[PDB]
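Okay, so here's the structure we're looking at.
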Amino acid sequence: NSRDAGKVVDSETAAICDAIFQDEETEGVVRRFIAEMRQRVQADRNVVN
Amino acid sequence: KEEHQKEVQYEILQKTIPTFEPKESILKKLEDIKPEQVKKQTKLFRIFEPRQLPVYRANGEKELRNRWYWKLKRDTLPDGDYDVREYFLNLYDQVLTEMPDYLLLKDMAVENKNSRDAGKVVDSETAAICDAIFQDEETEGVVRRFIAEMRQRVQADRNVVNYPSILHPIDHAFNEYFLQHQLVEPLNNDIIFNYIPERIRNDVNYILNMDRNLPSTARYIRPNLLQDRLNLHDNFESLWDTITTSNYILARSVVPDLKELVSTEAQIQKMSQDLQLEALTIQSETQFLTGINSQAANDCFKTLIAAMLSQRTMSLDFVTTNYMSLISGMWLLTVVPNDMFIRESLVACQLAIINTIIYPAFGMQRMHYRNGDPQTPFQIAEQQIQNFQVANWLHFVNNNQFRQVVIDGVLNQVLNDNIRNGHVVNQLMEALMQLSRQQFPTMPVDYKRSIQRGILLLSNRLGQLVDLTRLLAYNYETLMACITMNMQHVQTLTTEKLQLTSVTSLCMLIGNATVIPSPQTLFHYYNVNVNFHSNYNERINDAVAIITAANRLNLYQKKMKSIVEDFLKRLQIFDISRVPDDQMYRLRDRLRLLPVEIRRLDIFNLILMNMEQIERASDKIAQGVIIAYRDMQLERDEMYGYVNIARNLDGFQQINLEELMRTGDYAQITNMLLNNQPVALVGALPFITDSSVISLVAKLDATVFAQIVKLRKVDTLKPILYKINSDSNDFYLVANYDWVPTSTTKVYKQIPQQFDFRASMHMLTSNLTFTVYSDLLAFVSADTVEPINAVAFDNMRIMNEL
Amino acid sequence: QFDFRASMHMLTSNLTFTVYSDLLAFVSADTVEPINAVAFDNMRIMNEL
């Protein structure tokens with residue numbers, strides 16, 4: 001449910017993200033947030049967030 | 001065990017390096033790299049076609065005449081603007097997959113049936129238009145007379161031709177691009193003579209002659225021998241190691257096998273008595289004389305040249321007890337530069353020589369060397385030894401390094417020109433003769449004599465080793481000429497083991513048989529490097545094109561290593577389940593930060609100035625839908641009748657849908673639908689044709705939005721496009737009762753492009769009958785002189801001790 | 001309460017490094033011939049006939 005189709009760290013984190021995007025009772029700002037949240041790389045430092 | 005545990009950890013390292021399994025398999029693949037197999041077709045590029053369609057005059061009645069309009073071939077356009085832009089990218093890449101390199105128009109032209117002048121046209125799908133536009137009752141007389149008088153213009157004495165064509169302007173743009181930007185250049189023998197390297201057609205040992213003709217029609221394609229703009233020599237060490245290994249294995253396949261050498265057993269029988277191993281209490285009484293065979297001499301001769309060409313850093317496996325290996329390795333350290341070796345093993349060998357030969361000769365207490373020191377054992381010994389001979393030899397050695405010269409635009413790691421001629425070995429043998437005459441003040445005498453005689457076993461190979469060194473340097477430089485990619489010096493991860501026995505072989509089993517590469521092994525090697533280099537640049541260009549096109553079409557979804565893996569994979573030397581991740585991201589970075597090849601850019605620019613016009617055809621989607629809750633009036637068109645059509649998209653709060661299907665935030669639209677605020681939902685989406693006036697009266701257009709609130713996903717959105725006309729079964733209701741067809745829910749869509757002949761007839765220009773040769777060293781008759789009479793760069797003969 | 005935004009953190013780490021347990025596998029080694037074996041005094045051991 002991500003804009004850039006990125007990644008997250010662990011399967012339960014993804015489960016929670018996929019649980020909160022599907023519930024009718026949840027809000028739109030969180031779904032925007034869930035669309036934003038991606039992984040950032042920087043290879044000249046060999047570092048990932 | 002310990003050796004298995006080494007194998008495990010060497011395996012841990014080798015599971016980081018993209019070098020294929022068994023190494024000799026690479027030689028199948030480098031040879032199987034074919035050039036850019038040139039392309040040409042027998043059909044023009046065509047995205048549209050004319051088509052004869054209904055029309056409906058105002059009042060909604062059907063006219064008694066169809067009309068010609070442009071419509072796409074093979075409507076397959078998806079829904080949602082992301083997938084549309086993906087479609088245009090998947091058009092771009094396949095255009096590139098079929099983007100030609102040279103065209104010829106005689107190979108596709110056909111006769112116009114209605115011509116009273118024996119005329120021609122370019123394609124079948126344009127003659128199929130010309131007959132229909134001829135027979136039609138609406139076309140004007142000037143067009144008919146023109147069609148009957150469309151005479152082409154062939155002209156062989158200037159080699160050109162001009163043919164008529166019917167084309168949509170976009171298609172004309174693509175085709176005139178392909179015509180005006182052919183990547184073929186004229187050809188003649190002086191180019192090929194000026195395509196061979198300089199210092200082979202100056203080398204007198206290689207006879208080159210021309211024995212074939214090339215007419216003015218002959219063509220070729222100049223490959224893209226442009227240098228490494230990815231810069232794999234800083235922080236791409238695995239990949240550089242892979243390239244290095246590939247060139248190394250290629251280099252083994254071209255060095256000649258040397259013949260007419262010294263008998264093996266003849267050397268063994270005399271070494272055994274020159275060293276007198278039948279008098280010593282050592283643990284090596286049958287182990288010094290192992291690894292002397294052929295299959296190791298020539299293997300070393302291949303290993304050395306291949307490593308110096310490829311810059312493959314190499315290590316040293318050596319048992320320190322065998323001092324003949326060290327005496328044969330000091331020759332190596334003299335002629336082969338020091339930077340070519342890993343520092344630790346080189347230092348080890350030097351330290352062995354110093355603490356086993358040199359200092360125990362000169363009476364010096366041994367050493368205490370910090371391995372963690374930038375200063376090197378020979379550099380100490382140059383200052384501490386008091387003897388001008390050995391000190392000047394070591395001075396040469398310490399300052400023996402490659403030199404970075406620039407030849408033919410490319411880089412070269414070249415030698416000193418005191419190695420190219422064998423002259424330093426005279427200094428070596430003077431130092432060694434001095435060590436022979438010198439005692440060893442503290443050493444056992446039986447072992448002293450053994451070393452003192454083992455040294456003389458090289459003192460007698462003086463002229464022979466001169467000959468060897470000159471031979472080595474000659475073959476090295478001659479094969480260096482047939483290299484394109486910059487030979488760059490880098491320390492590599494993994495490292496070829498060199499057994500010093502296989503030097504001791506070479507330094508004691510050779511004489512008087514000059515073997516140099518044939519001119520065709522040279523051409524094979526050169527074609528391989530050329531083809532690899534051209535493939536390398538022409539795949540970098542494609543990768544950069546797709547990447548830049550993605551970032552310029554806003555296809556943020558697409559992961560970029562799926563492209564890079566195909567880029568690495570098509571270069572047939574890399575394994576990609578093997579390769580790391582961080583290197584891939586650094587390569588992504590350094591690929592985005594490059595220019596773009598001009599053809600790959602021009603095609604893209606053509607697609608971007610037309611995608612907004614190409615997507616407005618394909619009558620299965622609309623470009624948005626307006627919603628406005630005032631009883632608006634359907635506006636008459638000519639293709640459709642009355643319609644809920646829009647063409648301006650103004651005075652309405654626009655809302656885009658690709659930002660909405662992903663970010664589920666329907667507050668800003670649920671608070672407009674429910675309260676009936678006018679909007680315009682923009683995005684490529686389907687529609688349907690509803691030709692029931694009773695549905696218009698029933699207001700079926702407003703029923704297809706109240707599922708967005710139930711099902712958040714905007715994909716099952718299928719608006720209405722009322723087309724009503726004489727063949728709609730309730731059209732009488734429009735035309736009798738004196739009222740106004742009215743609705744809401746206008747659809748945003750631009751009418752098709754009407755066919756005009758003047759703006760679509762064109763004259764396409766081309767050359768004729770030029771042949772496009774590819775393998776152009778076949779036009780070079782090459783030969784070599786006998787090996788017995790071969791001369792090096794200095795004009796003096798090579799292997800002079802005849 | 002589960003505040004989604006507040007409970008979201010970007011975890012830092014390296015990218016694609018290797019680890020080596022046995023560290024003396026790369027160091028190959030050899031001895032000198034035992035006759036030319038020397039002590040702290042730079043004078044050979046077992047040279048007394």
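Every chain in the structure tokens takes a letter, A first, then B, and so on in the order presented; its residues are numbered from 1, and the ligands are numbered from 1 following the presented order.
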
If we count only C-alpha atoms, what is near region 35-42 of chain C at a cut-off of 8 Å, once residues fewer than 4 positions away on the same chain are taken out, given as JSON, numbers by chain? {"B": [356, 365, 366, 443], "C": [46]}

Check every residue of chain C for an atom within 7 Å of chain A, counting only C-alpha atoms, and provide those that qualify as a count of residues only. 6

Mind listing the strand (DSSP E or B) residues of chain C, per DSSP on the backbone, as a count of residues only? 4

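Those residues that approach region 169-174 of chain B to within 7 Å, counting only C-alpha atoms, are residues 45, 46, 47, 167, 176, 177, 178 and 760 of chain B; same-chain residues fewer than 2 positions away are not listed.
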
Using only C-alpha atoms, determine which residues of chain B fall within 8 Å of chain A; present them as a ChimeraX atom specification. /B:556-558,582-583,585-586,662-667

Residues of chain C that approach chain B to 7 Å or less, counting only C-alpha atoms: could you list each one with the shortest pair of atoms and its distance in Å to one decimal, rows by chain and increasing residue number, as a tab-separated table?
residue	atom	partner	partner_atom	distance
C:15	CA	B:582	CA	6.3
C:16	CA	B:581	CA	6.4
C:25	CA	B:6	CA	5.2
C:30	CA	B:319	CA	6.6
C:31	CA	B:320	CA	6.7
C:32	CA	B:321	CA	5.7
C:33	CA	B:321	CA	5.0
C:42	CA	B:365	CA	5.5

Enumerate the residues of chain A with a DSSP assignment of helix (DSSP H, G or I), computed from the backbone, and present them as a VMD selection string. chain A and resid 11 to 22 28 to 36

Any chance you can output those residues with N, CA and C atoms as a compact mmCIF listing (two decimals), in the first residue's frame?
# COMPACT_ATOMS: atom_id res chain seq x y z
N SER A 11 8.01 -8.27 8.85
CA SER A 11 6.73 -8.72 8.32
C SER A 11 5.56 -8.28 9.17
N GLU A 12 5.74 -8.15 10.49
CA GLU A 12 4.64 -7.67 11.32
C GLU A 12 4.39 -6.19 11.11
N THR A 13 5.45 -5.42 10.88
CA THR A 13 5.31 -4.02 10.51
C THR A 13 4.47 -3.87 9.23
N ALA A 14 4.75 -4.73 8.25
CA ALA A 14 3.99 -4.70 7.00
C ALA A 14 2.56 -5.18 7.22
N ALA A 15 2.38 -6.17 8.10
CA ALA A 15 1.05 -6.65 8.46
C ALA A 15 0.22 -5.52 9.04
N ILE A 16 0.82 -4.73 9.93
CA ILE A 16 0.12 -3.63 10.57
C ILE A 16 -0.23 -2.57 9.52
N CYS A 17 0.72 -2.28 8.62
CA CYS A 17 0.47 -1.30 7.56
C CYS A 17 -0.65 -1.76 6.64
N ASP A 18 -0.73 -3.07 6.38
CA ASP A 18 -1.76 -3.63 5.52
C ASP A 18 -3.08 -3.80 6.26
N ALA A 19 -3.05 -3.80 7.59
CA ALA A 19 -4.25 -3.88 8.40
C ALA A 19 -4.90 -2.52 8.55
N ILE A 20 -4.09 -1.47 8.67
CA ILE A 20 -4.62 -0.12 8.87
C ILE A 20 -5.03 0.52 7.55
N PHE A 21 -4.49 0.06 6.41
CA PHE A 21 -4.94 0.61 5.14
C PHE A 21 -6.30 0.05 4.75
N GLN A 22 -6.66 -1.14 5.24
CA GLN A 22 -7.88 -1.80 4.80
C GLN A 22 -9.07 -1.52 5.69
N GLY A 28 -7.67 9.11 6.53
CA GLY A 28 -6.97 9.34 5.29
C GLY A 28 -5.54 9.84 5.44
N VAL A 29 -5.26 10.56 6.53
CA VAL A 29 -3.92 11.08 6.76
C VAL A 29 -2.93 9.94 6.99
N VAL A 30 -3.38 8.89 7.68
CA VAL A 30 -2.51 7.74 7.91
C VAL A 30 -2.26 7.00 6.61
N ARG A 31 -3.24 6.97 5.71
CA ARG A 31 -3.03 6.30 4.43
C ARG A 31 -2.06 7.10 3.56
N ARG A 32 -2.14 8.44 3.60
CA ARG A 32 -1.11 9.27 2.98
C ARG A 32 0.26 8.97 3.55
N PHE A 33 0.35 8.87 4.88
CA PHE A 33 1.60 8.54 5.55
C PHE A 33 2.13 7.19 5.08
N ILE A 34 1.24 6.19 5.01
CA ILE A 34 1.61 4.85 4.58
C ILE A 34 2.06 4.86 3.13
N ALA A 35 1.52 5.77 2.32
CA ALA A 35 1.98 5.89 0.95
C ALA A 35 3.36 6.53 0.89
N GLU A 36 3.63 7.49 1.79
CA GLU A 36 4.94 8.14 1.81
C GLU A 36 6.06 7.18 2.20

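Among B:142, B:108, B:292, B:693, the residue with the shortest atom-to-atom distance to residue 163 (chain B), counting only C-alpha atoms, is B:108.
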